[PDB]
There are 2 protein chains.
Amino acid sequence: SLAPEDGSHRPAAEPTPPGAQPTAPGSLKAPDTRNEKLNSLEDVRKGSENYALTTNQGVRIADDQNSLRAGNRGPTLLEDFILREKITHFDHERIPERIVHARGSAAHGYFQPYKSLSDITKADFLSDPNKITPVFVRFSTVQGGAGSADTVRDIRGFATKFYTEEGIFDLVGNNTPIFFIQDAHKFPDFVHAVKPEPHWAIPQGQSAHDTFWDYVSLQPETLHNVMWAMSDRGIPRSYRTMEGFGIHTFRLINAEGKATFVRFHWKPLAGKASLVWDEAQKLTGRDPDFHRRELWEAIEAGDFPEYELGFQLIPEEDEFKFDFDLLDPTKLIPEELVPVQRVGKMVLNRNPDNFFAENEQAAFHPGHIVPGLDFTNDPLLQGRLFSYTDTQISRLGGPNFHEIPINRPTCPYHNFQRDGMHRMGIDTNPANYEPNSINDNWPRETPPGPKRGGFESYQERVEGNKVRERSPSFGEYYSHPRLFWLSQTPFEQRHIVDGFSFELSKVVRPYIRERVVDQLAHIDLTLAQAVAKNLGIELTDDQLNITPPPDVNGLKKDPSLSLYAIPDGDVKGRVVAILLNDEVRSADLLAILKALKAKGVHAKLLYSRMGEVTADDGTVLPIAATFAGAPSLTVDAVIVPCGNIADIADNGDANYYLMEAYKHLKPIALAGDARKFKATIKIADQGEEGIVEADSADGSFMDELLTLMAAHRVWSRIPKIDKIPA
Amino acid sequence: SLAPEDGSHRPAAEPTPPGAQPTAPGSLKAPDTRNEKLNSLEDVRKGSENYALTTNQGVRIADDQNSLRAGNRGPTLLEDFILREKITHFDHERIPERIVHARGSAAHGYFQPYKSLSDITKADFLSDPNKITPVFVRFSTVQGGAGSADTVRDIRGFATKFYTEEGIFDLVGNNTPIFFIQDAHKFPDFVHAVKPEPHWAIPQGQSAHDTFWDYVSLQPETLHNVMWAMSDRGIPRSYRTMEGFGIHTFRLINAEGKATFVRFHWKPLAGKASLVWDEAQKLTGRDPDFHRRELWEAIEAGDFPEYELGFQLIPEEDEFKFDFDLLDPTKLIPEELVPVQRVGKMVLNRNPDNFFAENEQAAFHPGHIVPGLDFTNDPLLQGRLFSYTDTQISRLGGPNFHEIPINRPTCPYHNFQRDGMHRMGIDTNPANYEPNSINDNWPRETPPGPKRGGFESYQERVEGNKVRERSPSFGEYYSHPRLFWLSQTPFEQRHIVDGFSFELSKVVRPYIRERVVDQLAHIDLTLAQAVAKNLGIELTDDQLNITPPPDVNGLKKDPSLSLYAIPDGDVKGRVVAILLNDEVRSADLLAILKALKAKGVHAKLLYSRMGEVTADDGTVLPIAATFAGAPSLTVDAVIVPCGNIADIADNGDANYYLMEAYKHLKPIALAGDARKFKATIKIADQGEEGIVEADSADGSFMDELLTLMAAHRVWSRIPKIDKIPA
Ligand code: HDD
Ligand code: HDD
């Protein structure tokens, strides 16, 4: 027995805040969290406790420490079948990673609609407010490999597998409402341009290189999503604090056959929140797994990520009433023109057991729709339908990928397909064809109907010649980037300018920079001049005379496009760093932890070493991490309680901890003699907005601090940070 | 035509310093750098200029911007074979990454022995000083995926494919002289333990988690390589400044049939040099491709990585004359007892053309030996022989992986093997078996002999029972960790302490830390006490009376195990940051750049924006990067010339540039009014060692700075950096 007698090796099977316990597989951490999909996976789950170590053939292994050899110092013998099996499996562990979105993090949950949508869709999972549909959701980046970092500047993926009673429905979206390109034929072109360059495979997880901006400068259709990626949208605080969109216009079909155009939205319950770039870039080095960890730990804490599903709904006769083409995925539908209507809510409440088996092997594909839903002629969606079935043949080893447990439907599935690599199902049907008499033609077709019917495509009208040709209605590239730009706050605009500037500064060929600046001058001259200034470029008089693009159906801004314009913050699930000293004033800490617990805010107690310290009243305080081990990048605010401040007053890591949080605009709270730290951040004796300070942490100290946290960051501090050396 | 009329899209086909030009595939950058392997690859190289865009079947494409559809706003048609071919190929681009060493960077070069070694080996590539052997070298980390970061704390791989006239020889080594484990049966257990943990797949590129130190604490055989991993050996400055080792004892076999035991060594011509931890960890964020980048650019500069091959040689009759077992791969051979004898030199002088085709698909395997070389009963080596063949069947799609162009021998190869997936060779032999009369038994066996003879194994004697048993001679675990500890300088010992301390602070279960500390007390109680203090752990009296382990055949220490104890630094290929202002003193800059070119030291001119600035004499200075875009992490030293210093005196990024470089112990030179920056780094008016300063950048000023660069870092500055907030 190698476990410790005190049993401290096993985490408790109950919700615990991040860092209190070792993380564990979901069925062990929360065995009583169940749904119909989790239960169906029990047949393939494998335990371990009280079992013998065997080969894959069931043979008990006596000595798992040594190869078989001719003498204890002799050659290894080919007849060691236990070695060779163990090494063979190891030698073939890896499978191809996803072509795009290879880096991702996933969890189980459930979905439930608010009310029956049977008036607009016959889709069964939206027909009754009491119908609960299990889900599996994978969040992702786009460009980086499976081993790349979480907090890069990138688009994020948001893929939801609905295990419906009438088929698997995959909603395969991103965290922005549009994509970079218009036609699927260009997808390898765009992806090759953004991916690491083919001679040397640099850089990983970054669009800040020549070939990406080269493609953008020559393809202005890309400009809208590029705007989004250069904003703080491209660097989310977590997957819980981002939006989701299906991007394409789809169709809803009701029992009477009426089609309604629809676009899908996920609204985060935790609000919209993003990092700032210096923080996001450094965090890819201090913790490349930050988003993966934060997701797992929130679920282990009970901080279940929640999202409200919503629809923008457009009648068929309104197809042409907007300036933009509904079928153009580089165009958004402003919520000011078509509101998002609440449909239901999704809760992610259990982690997987084995990342490889459940996350890496999961297969999402937007062609996986159910009766009540249908496609449109969006030329990007159209080509997606081919790719997501095709790519699985190599990634997941063949055509039986639906038999891998995480991908199996929970509803019945029967047909006349047979064979293929690693076929699990053993068909007893006398027939493998239809029409057949020898099994009385079963399984049988089902006619279309209002529920439990067969799938039939909406009989939309088609008219035109066979052409490789872009619809002229698509050939407008600058109005929607402008609408986005004007909808941002001034500090969000600053960050957009700084994103473009930082990225173009790493383009080596200067003529590429100049061509991207010229495209910006077609969007907004304020934006283009600000970027040009940082690049040492001067706009020509002709460029200064570029007429701006028209408004979007009269709109000159839409505050739903901004992260922060309308407050939607939420402190539940946020984390505060508490910086300890060797004789902490316990009255401060008790007030701090009481206020944080009331709002569901977590705390990390940090010191210069691990182990424990003792407060003034003798209370023993366990240390979560060092100052260097858990930098301010990983928390939302910093609190410094009173006590023996001289212990850390001249500690470089303690001082830098506050300087980093200050530069990154986070709230900071100083109690008693901890107010001496204002000098390291150059805060005058009069104080300033964003620095909570008082004689002690009792009173309004923590309400000021929690109000600041509900506002996410202290945007008013931005003029002051450029003098801070951090 | 989309290129710029001035041709600045294309880099010059001549050696150019890093940053000067865009990087390029090796055949375009250096068309005249040739060897036999590079030349043999011309049959599969594909150009591009002046060729039509086609399908894979050779059909010319007219519109590569659109899918085929029924009307320009209609559905995509299944008959668009151009779309489906292009998407199909994209959908299947990825192949399994390597199970280990998935992250790596490679280059072409050549090798040449100094003299004939026919007295000790009949290996043909070592027979003649005028015999040139082309090579392909891949450097790697171990734990992370192909998309993980370069400057992690890990072991590094160093793999060399020799394309000899008598077969491919692969020398597949690492950058430390031992491995973690003794018997290959344990390799899946160790690797699984160091890799991301199976439930959530965290952490990437790090051994700082519970399962790794759990294994270590339970398997003391691992302590020796762990010590190397926790030293600055784990974080190399670049692949050019690290050693290589084969680790295993092999045999040399001469024409008389005499066996000599040998261990292989690579000695870097650039010397040994490593980062510091805070620097290395931060650099995985600011540039996760730092090592890949530095290697490519050094070769484009003509700054070819060079390595001397050396042998430790031991007569067969001396097999048992050491305190350790020569066949134990957790033991090193001290150079003080067996010197490394120089054999030849290897030069890396051309980058690949396509990273995937040459680097990702390259297959290295230590079973690939040639006549004149042989194996030993090293139980780790013995199991490696199985794995490197087996793993390619899935990783490279089958048994013809030797036909992938990078892997092809340059010498003849003929046998009776046939078929298999993607077979390229078309065999005309009437017979696919031997013995055969119908082709007069060709191709035929060759008897062993002095040159050009068939491979025969050394007929070593084997005596023993079939057993799964570790040799008792392997049962010592602490003498070699001690030897290594005592061989380090005081500041390398400090960095080892901080490496163990940092990593154990990330282990969530405290009993694992305590168990690792107890292991450390069997090596050195000063190391154990210093790590325990940072963990809040108090060693018991029992632990304090653990007897130290004996030394190694009388050796207490061996300075060759230190990175820095013996000076070996070379400044050629290093890089200096030069921080500009808007009116630089041209006399300063002229003298700086003149002295750096004399030593082959590169420079990047940094400013607060892109573009150009003008010197005091009107000289236009082009800016290479911003202060933030090329942080001090990426340079070896910082020079601040005199000028309009008020322009950057209050720039937070400019002051931080110096503070970061200061903390990471790098040389700093300050001319004229730049000396006012001393206050930011808290240097007294009278100065200190490591800070170069004068009225101007002439005189001895550049000599002083270059002397500091030859010493790599200012170790004496360590006591001062703790009080620095950076
Ligand atoms: C025609 C090619 C093509 C095009 C135009 C798109 N995609 Fe895609 N996408 C793929 C081809 C693809 C793929 C190559 O088939 C992937 C990679 C691995 C896989 O299974 O599917 C994929 C993966 C993938 C994933 C990750 C699913 C997971 O977690 O496993 C998401 C979230 C998206 N895509 C979302 C989008 C969105 C929102 C798009 C624009 C509206 C989009 N893709 C356009
Ligand atoms: C029995 C299993 C096993 C054991 C005990 C080892 N390795 Fe290994 N090694 C492999 C199984 C393996 C592998 C799984 O076969 C790899 C991964 C993919 C491949 O082609 O070979 C590999 C890759 C690999 C590479 C990367 C090659 C490349 O650049 O493509 C290097 C440098 C090494 N190894 C070096 C070592 C050293 C120095 C070891 C100890 C002395 C060692 N390996 C033990």
Side-chain angles (χ1 to χ4, degrees), chain A residues 4 22 25 63 66-68 70-76 83 90-92 94 96-97 144-148 183 185 188 199-204 282 284-285 288-289 296 355 377 382 387 390-391 394 462 464 468-469 471 505 508 511 534-536 609-611 629 652 655-656 722-725, chain B residues 4 22 25 63 66-68 70-76 83 87 90-92 94 96-97 144-148 183 185 188 199-204 282 284-285 288-289 296 355 377 382 387 390-391 394 462 464 468-469 471 505 508 511 534-536 609-611 629 652 655-656 723-725:
Chain A
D63 180 356
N66 288 293
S67 306
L68 180 74
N72 60 29
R73 212 173 159 272
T76 292
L83 172 75
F90 173 87
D91 288 335
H92 300 292
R94 303 288 173 262
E97 72 179 23
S148 57
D183 191 304
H185 195 78
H199 59 289
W200 64 347
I202 283 176
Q204 199 73 214
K282 209 196 301 192
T284 68
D289 300 303
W296 195 281
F355 183 102
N377 293 341
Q382 290 274 313
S387 167
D390 174 46
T391 190
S394 68
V462 178
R468 293 178 170 80
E469 177 189 326
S471 175
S505 299
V508 176
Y511 75 91
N534 292 333
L535 303 185
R609 51 147 179 99
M610 302 285 293
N655 285 281
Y656 187 73
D722 302 324
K723 56 173 174 45
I724 295 311
Chain B
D63 188 354
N66 290 292
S67 318
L68 181 73
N72 64 27
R73 205 164 166 277
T76 303
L83 170 73
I87 301 298
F90 170 87
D91 287 337
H92 298 291
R94 304 289 177 261
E97 62 177 29
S148 66
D183 188 311
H185 193 76
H199 64 293
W200 63 351
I202 282 187
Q204 197 69 209
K282 207 162 151 190
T284 73
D289 302 307
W296 195 281
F355 183 103
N377 290 336
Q382 289 272 305
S387 179
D390 173 47
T391 198
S394 64
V462 186
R468 292 180 168 80
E469 184 179 317
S471 175
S505 297
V508 174
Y511 74 92
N534 291 339
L535 294 181
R609 57 154 171 84
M610 289 306 275
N655 286 284
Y656 188 69
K723 58 138 184 43
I724 285 297

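Every chain is numbered from 1 and lettered A, B, ... according to where its sequence line falls, protein lines coming before strand lines.
- Here the OG-NE2 distance, from B/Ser387 to A/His92, works out to 8.5 Å after rounding to the nearest 0.5 Å.
- Between A/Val462 and B/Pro75, the shortest heavy-atom contact is CG1-CD, 4.1 Å.
- In terms of non-hydrogen atom pairs under 4.5 Å with chain B, the most contact-rich of A/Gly145, A/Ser67, A/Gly71 is A/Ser67.
- Taken from CD1 in B/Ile87 to NE2 in A/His185, the straight-line distance is 7.5 Å, to the nearest 0.5 Å.
- Listed options A/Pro25, A/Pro288, A/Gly144, A/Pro96 were ranked by heavy-atom pairs under 4.5 angstrom with chain B; first place goes to A/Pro96.
- Note that the CD atom of A/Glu97 and the CD atom of B/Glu97 stand 6.5 Å from one another [nearest 0.5 Å].
- The contact between A/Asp722 and chain B is made entirely by backbone atoms, counting heavy-atom distances below 4.5 Å.
- Heavy atoms of B/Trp200 lying under 4.5 Å from chain A belong to its backbone as well as its side chain.
- Most heavy-atom pairs under 4.5 Å with chain A: of the set B/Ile202, B/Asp63, B/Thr76, B/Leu83, this distinction falls to B/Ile202.
- When each of A/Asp183, A/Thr284, A/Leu535, A/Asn655 is scored by its heavy-atom pairs under 4.5 Å with chain B, the top score falls to A/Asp183.
- Among all heavy-atom pairs drawn from A/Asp91 and B/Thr391, the shortest one is O-OG1, 2.6 Å.
- Considering only heavy-atom pairs separated by less than 4.5 Å from chain A, the leading option among B/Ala70, B/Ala146, B/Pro4 is B/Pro4.
- For the set A/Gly611, A/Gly464, A/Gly652, A/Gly536, the count of heavy-atom pairs under 4.5 angstrom toward chain B peaks at A/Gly652.
- B/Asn534 touches chain A through its backbone: at least one of N, CA, C or O sits under 4.5 Å from a heavy atom, while the side chain does not.
- Only the backbone of B/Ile724 comes within less than 4.5 Å of a heavy atom of chain A; no side-chain atom from C-beta onward does.
- Using bins of under 30°, 30° to 60° and over 60° for the plane-to-plane angle, the ring pair B/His199/A/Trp296 lands in the perpendicular bin.
- Most heavy-atom pairs under 4.5 Å with chain A: of the set B/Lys282, B/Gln204, B/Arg609, B/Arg94, this distinction falls to B/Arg94.
- For the atom pair CG of B/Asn72 and CZ of A/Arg468, the computed distance is 14.0 Å after rounding to the nearest 0.5 Å.
- Contact of B/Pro188 with chain A is made through backbone and side chain together, with heavy-atom distances under 4.5 Å.
- Nearest heavy atom pair, residue A/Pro203 against residue B/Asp289, reads CA-OD2, 3.2 Å.
- Per-residue heavy-atom pair counts under 4.5 Å with chain B were compared for A/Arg73, A/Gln382, A/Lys723, and the maximum is reached by A/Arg73.
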